[PDB]
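Undergrad: Okay, here's the structure, questions in a sec.
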Amino acid sequence: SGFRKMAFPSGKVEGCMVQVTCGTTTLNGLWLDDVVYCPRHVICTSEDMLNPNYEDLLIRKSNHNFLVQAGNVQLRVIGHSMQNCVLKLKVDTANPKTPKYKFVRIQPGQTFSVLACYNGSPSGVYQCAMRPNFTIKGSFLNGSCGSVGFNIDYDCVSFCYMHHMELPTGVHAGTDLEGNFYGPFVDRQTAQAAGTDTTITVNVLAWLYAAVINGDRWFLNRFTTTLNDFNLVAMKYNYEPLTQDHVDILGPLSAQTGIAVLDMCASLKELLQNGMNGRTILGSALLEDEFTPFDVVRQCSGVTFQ
Amino acid sequence: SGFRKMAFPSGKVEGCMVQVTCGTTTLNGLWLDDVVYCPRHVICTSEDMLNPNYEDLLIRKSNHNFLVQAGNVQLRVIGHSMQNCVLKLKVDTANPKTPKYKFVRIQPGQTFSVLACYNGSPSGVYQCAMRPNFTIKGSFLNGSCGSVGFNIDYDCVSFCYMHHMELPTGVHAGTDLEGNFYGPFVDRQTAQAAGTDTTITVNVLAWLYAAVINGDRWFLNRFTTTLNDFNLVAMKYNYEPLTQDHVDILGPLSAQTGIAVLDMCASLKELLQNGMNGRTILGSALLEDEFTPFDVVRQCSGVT
Ligand SMILES: *c1c(-c2oc3cc(OC)cc(O)c3c(=O)c2O)cc(O)c(O)c1O
Ligand SMILES: *c1c(-c2oc3cc(OC)cc(O)c3c(=O)c2O)cc(O)c(O)c1O
């Protein structure tokens, strides 16, 4: 038994990571078919950080100003263009390791794996959630910009995130693979409020179901509640409101454990109002919100990939 | 910045995972050069589980009793032998995806990544520590037997663990890649005690340094302690005793942060005696012991 915050196997994404240099800036790019994707701030200099005019900066660049290196191989750049906040470099060779892939824009509270890379070289992989305020609590040292987040379905990689920046608060912000930021953020070095973060309620509930499946039961209380009553408590404790859609995706776990969703909500309500009293759940003293209901079902089912 | 429990990128190991079937038992194997490694209990039947005589059971098997599938393609087994608790199936094809590799036996408290596989296919990857009692806290679904644990040094994979069994407590036990179990365990379906686990003190200290590097400094004090005095407290809270070797390996973190090792020990001593009183460290309400000093340095310096 047990429960780990597992990441997706990263091999299919490892084969897509390249290094992109423009001027004196070097970061990570994603090479799929004959296109390399990377953050457009690769064209900034240290003098351009506070408010770059990306259109004017890019007009100064030609194809030969972009150095793209895949391992030891130098790729020939035959076109460049900007799509929102992502630079797209057309190269003259398709990546022979291109997996089946999609570009997806995920919802706040959904999870994905990040392949943290530095200067084109994979460093580590970890699983995380897109916070309700559209930030990531990652591990991104300088040189990790352009690292990507993804999910896998059997043999198809769904890319959902590209890392662009660390905010002054220490949290991380990025885009989908069409270059549109998650959240209100812009790619310039300024103070930017992320606004109130909240706890992903449906994920906490899923993790409580995981705990029951692993043999925990001390927090199962004698109460039930209603959706409206629970959401009164959720808002008081900066938890995301629960919808019937959330209740529906919790259905499989409720069926397996025999614990009606609103009963588990009542037990979560008691934990929020009474605290943990020094007790742990799945070894944790805080409530965990980086497992989606699907994540729990996958691990409990031993779902595998190519 | 930020600090995550990162696993190694799994691609080099993914290319080595195969499916091994003997009779009606199917589990994971590791294909390196022209050898496939898997737990020898693949040759057990349901009536063999309580006390298998593996030498007798293997004698009844020939090469054609082993079905190895790599992707959609059957590999021809041309030889078989038992090394301690691992079965080595010689195949007629060298794995073309064999990475540079070594087999290593790790120490209790060291960390590695596990590629959790079922029936030859990966489910996910996670970072873990070998507990001081030589067990592993793994993923949920039983039957990932033959999945491996590893570290990567640039392009070279150091395999250190093969999963063999879940103990009745649910924790995982396994071998090195020469088939020697970590801990006292045997590959039989019997009640087996793992004995007292302890917290990996040198790892907690490393993680406290990681917290200071990331801006959490509230637990620092200017109290002095000695190794002997610290260990008096650590033993009371079921922490592993700290040795001079442990102090020595924390040196690089002391050197980059400006916090002496014994100063961090005095900070941990106060944390154990006083508790955290509702405060968190790196977002955690409990002290984390699954980062080695080397792990912290790697992550904080961006090794790839
Ligand atoms: C990552 C970065 C990198 O670049 C930026 C650019 C910004 O505005 C143009 C803002 C911002 O917050 C930011 C970062 O946080 C950040 O990490 C820069 C360089 O040179 C490299 O190599 C990265 O990997
Ligand atoms: C994993 C196992 C598997 O096998 C064993 C065998 C044991 O003694 C012979 C003991 C033991 O505790 C044990 C396990 O916990 C365990 O998971 C069996 C099968 O069939 C498959 O497919 C595995 O992956």
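Please note that chains go A, B, ... in the order of the structure tokens, that every chain numbers its residues from 1, and that ligands are numbered from 1 in the order shown.
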List as a list in words the protein and nucleic acid residues lying within 6 Å of ligand 2, with only C-alpha atoms and all ligand atoms counted.
TA: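 With only C-alpha atoms and all ligand atoms and a cut-off of 6 Å, ligand 2 is contacted by residues 25, 26, 27, 41, 49, 142, 143, 144, 145, 165, 166, 167, 187, 188 and 189 of chain B.
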Undergrad: Next, write the just-selected residues to a file, as a PDB file, in the first residue's frame, keeping N, CA, C and O atoms as the atom set.
TA:
```pdb
ATOM      1  N   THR B  25       2.469 -16.217 -13.753  1.00  0.00           N
ATOM      2  CA  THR B  25       2.972 -15.057 -13.028  1.00  0.00           C
ATOM      3  C   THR B  25       3.661 -14.120 -14.008  1.00  0.00           C
ATOM      4  O   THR B  25       4.562 -14.538 -14.741  1.00  0.00           O
ATOM      5  N   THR B  26       3.233 -12.861 -14.024  1.00  0.00           N
ATOM      6  CA  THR B  26       3.789 -11.857 -14.922  1.00  0.00           C
ATOM      7  C   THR B  26       4.224 -10.651 -14.104  1.00  0.00           C
ATOM      8  O   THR B  26       3.445 -10.144 -13.291  1.00  0.00           O
ATOM      9  N   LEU B  27       5.451 -10.185 -14.326  1.00  0.00           N
ATOM     10  CA  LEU B  27       5.963  -9.027 -13.599  1.00  0.00           C
ATOM     11  C   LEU B  27       6.995  -8.306 -14.463  1.00  0.00           C
ATOM     12  O   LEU B  27       7.155  -8.604 -15.652  1.00  0.00           O
ATOM     13  N   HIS B  41      11.060 -14.800  -7.574  1.00  0.00           N
ATOM     14  CA  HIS B  41       9.757 -15.365  -7.235  1.00  0.00           C
ATOM     15  C   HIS B  41       8.797 -15.410  -8.423  1.00  0.00           C
ATOM     16  O   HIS B  41       7.675 -15.899  -8.258  1.00  0.00           O
ATOM     17  N   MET B  49       4.165 -20.222  -2.261  1.00  0.00           N
ATOM     18  CA  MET B  49       4.454 -18.890  -1.739  1.00  0.00           C
ATOM     19  C   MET B  49       4.978 -18.902  -0.308  1.00  0.00           C
ATOM     20  O   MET B  49       5.803 -18.049   0.043  1.00  0.00           O
ATOM     21  N   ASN B 142      -0.219  -2.967  -5.106  1.00  0.00           N
ATOM     22  CA  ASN B 142       0.711  -4.076  -4.979  1.00  0.00           C
ATOM     23  C   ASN B 142       0.924  -4.732  -6.339  1.00  0.00           C
ATOM     24  O   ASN B 142       0.087  -4.641  -7.244  1.00  0.00           O
ATOM     25  N   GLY B 143       2.061  -5.403  -6.484  1.00  0.00           N
ATOM     26  CA  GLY B 143       2.348  -6.103  -7.719  1.00  0.00           C
ATOM     27  C   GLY B 143       3.143  -5.308  -8.727  1.00  0.00           C
ATOM     28  O   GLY B 143       3.038  -5.565  -9.932  1.00  0.00           O
ATOM     29  N   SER B 144       3.925  -4.334  -8.276  1.00  0.00           N
ATOM     30  CA  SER B 144       4.889  -3.654  -9.127  1.00  0.00           C
ATOM     31  C   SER B 144       6.233  -4.366  -9.130  1.00  0.00           C
ATOM     32  O   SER B 144       7.261  -3.744  -9.428  1.00  0.00           O
ATOM     33  N   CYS B 145       6.239  -5.657  -8.797  1.00  0.00           N
ATOM     34  CA  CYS B 145       7.481  -6.377  -8.565  1.00  0.00           C
ATOM     35  C   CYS B 145       8.368  -6.328  -9.804  1.00  0.00           C
ATOM     36  O   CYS B 145       7.896  -6.478 -10.933  1.00  0.00           O
ATOM     37  N   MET B 165       8.699  -7.239  -2.981  1.00  0.00           N
ATOM     38  CA  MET B 165       7.489  -7.614  -2.270  1.00  0.00           C
ATOM     39  C   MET B 165       6.971  -6.465  -1.423  1.00  0.00           C
ATOM     40  O   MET B 165       7.704  -5.538  -1.066  1.00  0.00           O
ATOM     41  N   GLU B 166       5.680  -6.540  -1.123  1.00  0.00           N
ATOM     42  CA  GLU B 166       5.072  -5.721  -0.086  1.00  0.00           C
ATOM     43  C   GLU B 166       5.024  -6.551   1.188  1.00  0.00           C
ATOM     44  O   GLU B 166       4.546  -7.690   1.170  1.00  0.00           O
ATOM     45  N   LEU B 167       5.549  -5.997   2.278  1.00  0.00           N
ATOM     46  CA  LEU B 167       5.421  -6.652   3.566  1.00  0.00           C
ATOM     47  C   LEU B 167       3.983  -6.510   4.058  1.00  0.00           C
ATOM     48  O   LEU B 167       3.241  -5.647   3.584  1.00  0.00           O
ATOM     49  N   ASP B 187      12.375 -13.713   0.415  1.00  0.00           N
ATOM     50  CA  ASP B 187      11.289 -13.723  -0.571  1.00  0.00           C
ATOM     51  C   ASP B 187      10.391 -14.944  -0.348  1.00  0.00           C
ATOM     52  O   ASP B 187      10.362 -15.908  -1.116  1.00  0.00           O
ATOM     53  N   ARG B 188       9.643 -14.871   0.757  1.00  0.00           N
ATOM     54  CA  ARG B 188       8.577 -15.808   1.095  1.00  0.00           C
ATOM     55  C   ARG B 188       7.374 -15.015   1.579  1.00  0.00           C
ATOM     56  O   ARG B 188       7.523 -13.939   2.161  1.00  0.00           O
ATOM     57  N   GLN B 189       6.181 -15.572   1.373  1.00  0.00           N
ATOM     58  CA  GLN B 189       4.940 -14.927   1.804  1.00  0.00           C
ATOM     59  C   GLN B 189       4.694 -15.281   3.268  1.00  0.00           C
ATOM     60  O   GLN B 189       3.865 -16.122   3.616  1.00  0.00           O
TER      61      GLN B 189
END
```
Undergrad: Can you pull out every residue within 8 Å of residue 155 (chain A), counting only C-alpha atoms, but drop anything in the same chain fewer than 6 positions away, and send it as a PyMOL selection string?
TA: chain A and resi 99-100+305-306
Undergrad: Convert the current residue selection to file output with C-alpha atoms, as a compact mmCIF listing (two decimals), in the first residue's frame.
TA:
```
# COMPACT_ATOMS: atom_id res chain seq x y z
CA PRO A 99 5.89 11.86 -29.73
CA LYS A 100 2.20 11.96 -30.41
CA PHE A 305 1.55 4.27 -20.18
CA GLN A 306 3.62 3.42 -23.24
```
Undergrad: Considering only C-alpha atoms and all ligand atoms, state which residue in the set A:87, A:32, A:160, A:167 is at the smallest distance from ligand 1.
TA: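 Counting only C-alpha atoms and all ligand atoms, the residue closest to ligand 1 is A:167.
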Undergrad: Considering only C-alpha atoms and all ligand atoms, give me a table of residues in chain A that are at most 6 Å from ligand 1, with the closest atom pair and distance in Å for each, as a tab-separated table.
TA:
```
residue	atom	partner	partner_atom_place_in_ligand_line	distance
A:25	CA	ligand 1	20 (O)	4.9
A:26	CA	ligand 1	22 (O)	4.9
A:27	CA	ligand 1	22 (O)	4.5
A:41	CA	ligand 1	9 (C)	5.1
A:49	CA	ligand 1	9 (C)	4.4
A:142	CA	ligand 1	24 (O)	5.1
A:143	CA	ligand 1	24 (O)	3.1
A:144	CA	ligand 1	24 (O)	4.2
A:145	CA	ligand 1	24 (O)	3.5
A:165	CA	ligand 1	15 (O)	3.3
A:166	CA	ligand 1	15 (O)	3.9
A:167	CA	ligand 1	12 (O)	5.6
A:187	CA	ligand 1	8 (O)	4.6
A:188	CA	ligand 1	8 (O)	3.3
A:189	CA	ligand 1	10 (C)	4.1
```
Undergrad: Just write the chosen residues, N, CA, C and O atoms, as an mmCIF file, in the first residue's frame.
TA:
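This went into selection_11.cif:
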```
data_model
loop_
_atom_site.group_PDB
_atom_site.id
_atom_site.type_symbol
_atom_site.label_atom_id
_atom_site.label_comp_id
_atom_site.auth_asym_id
_atom_site.auth_seq_id
_atom_site.Cartn_x
_atom_site.Cartn_y
_atom_site.Cartn_z
ATOM 1 N N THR A 25 21.434 35.350 -23.860
ATOM 2 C CA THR A 25 20.431 34.616 -23.100
ATOM 3 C C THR A 25 20.325 33.196 -23.637
ATOM 4 O O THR A 25 20.209 32.994 -24.847
ATOM 5 N N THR A 26 20.377 32.220 -22.737
ATOM 6 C CA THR A 26 20.235 30.815 -23.093
ATOM 7 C C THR A 26 19.168 30.194 -22.209
ATOM 8 O O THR A 26 19.250 30.285 -20.980
ATOM 9 N N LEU A 27 18.173 29.564 -22.821
ATOM 10 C CA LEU A 27 17.151 28.890 -22.033
ATOM 11 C C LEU A 27 16.701 27.638 -22.775
ATOM 12 O O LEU A 27 17.312 27.216 -23.763
ATOM 13 N N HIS A 41 10.960 35.919 -24.025
ATOM 14 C CA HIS A 41 11.954 36.782 -23.387
ATOM 15 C C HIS A 41 13.394 36.316 -23.629
ATOM 16 O O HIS A 41 14.323 36.959 -23.128
ATOM 17 N N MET A 49 14.462 44.408 -19.320
ATOM 18 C CA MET A 49 13.674 43.550 -18.440
ATOM 19 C C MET A 49 12.425 44.234 -17.888
ATOM 20 O O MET A 49 11.411 43.559 -17.670
ATOM 21 N N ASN A 142 17.527 29.684 -11.901
ATOM 22 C CA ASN A 142 17.834 30.433 -13.112
ATOM 23 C C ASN A 142 18.398 29.490 -14.165
ATOM 24 O O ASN A 142 19.253 28.647 -13.879
ATOM 25 N N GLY A 143 17.901 29.627 -15.387
ATOM 26 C CA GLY A 143 18.200 28.680 -16.434
ATOM 27 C C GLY A 143 17.137 27.630 -16.648
ATOM 28 O O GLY A 143 17.330 26.746 -17.489
ATOM 29 N N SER A 144 16.021 27.693 -15.923
ATOM 30 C CA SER A 144 14.943 26.730 -16.103
ATOM 31 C C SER A 144 13.803 27.251 -16.971
ATOM 32 O O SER A 144 12.879 26.488 -17.265
ATOM 33 N N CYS A 145 13.837 28.522 -17.380
ATOM 34 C CA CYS A 145 12.787 29.053 -18.244
ATOM 35 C C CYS A 145 12.701 28.239 -19.529
ATOM 36 O O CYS A 145 13.718 27.852 -20.109
ATOM 37 N N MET A 165 8.631 32.587 -15.709
ATOM 38 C CA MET A 165 9.181 33.542 -14.759
ATOM 39 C C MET A 165 8.869 33.169 -13.316
ATOM 40 O O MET A 165 7.926 32.429 -13.022
ATOM 41 N N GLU A 166 9.691 33.713 -12.423
ATOM 42 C CA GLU A 166 9.432 33.708 -10.991
ATOM 43 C C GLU A 166 8.958 35.096 -10.583
ATOM 44 O O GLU A 166 9.612 36.094 -10.899
ATOM 45 N N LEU A 167 7.815 35.159 -9.907
ATOM 46 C CA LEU A 167 7.302 36.420 -9.392
ATOM 47 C C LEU A 167 8.071 36.830 -8.140
ATOM 48 O O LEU A 167 8.733 36.002 -7.512
ATOM 49 N N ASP A 187 5.059 39.117 -19.239
ATOM 50 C CA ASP A 187 6.480 38.764 -19.203
ATOM 51 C C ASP A 187 7.349 40.026 -19.175
ATOM 52 O O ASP A 187 7.995 40.423 -20.148
ATOM 53 N N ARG A 188 7.369 40.646 -17.994
ATOM 54 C CA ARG A 188 8.266 41.758 -17.710
ATOM 55 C C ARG A 188 8.604 41.733 -16.225
ATOM 56 O O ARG A 188 7.850 41.202 -15.407
ATOM 57 N N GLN A 189 9.750 42.322 -15.877
ATOM 58 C CA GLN A 189 10.232 42.265 -14.496
ATOM 59 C C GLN A 189 9.588 43.396 -13.701
ATOM 60 O O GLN A 189 10.155 44.473 -13.505
#
```
Undergrad: Residues within 10 Å of region 214-226 of chain A, please, as a ChimeraX atom specification. Count only C-alpha atoms; anything in the same chain fewer than 3 positions from it doesn't count.
TA: /A:1-3,208-211,229-232,259-271,276,279-282,300 /B:140,170
Undergrad: I need the strand (DSSP E or B) residues of region 34-246 of chain A per DSSP on the backbone, written as a ChimeraX atom specification.
TA: /A:35-39,66-70,73-75,77-83,86-91,100-103,111-118,121-129,136,148-153,156-166,172-175,181,199,239
Undergrad: Of the residues B:45, B:84, B:123, B:169, which is the one nearest to residue 6 (chain A), using only C-alpha atoms?
TA: B:123
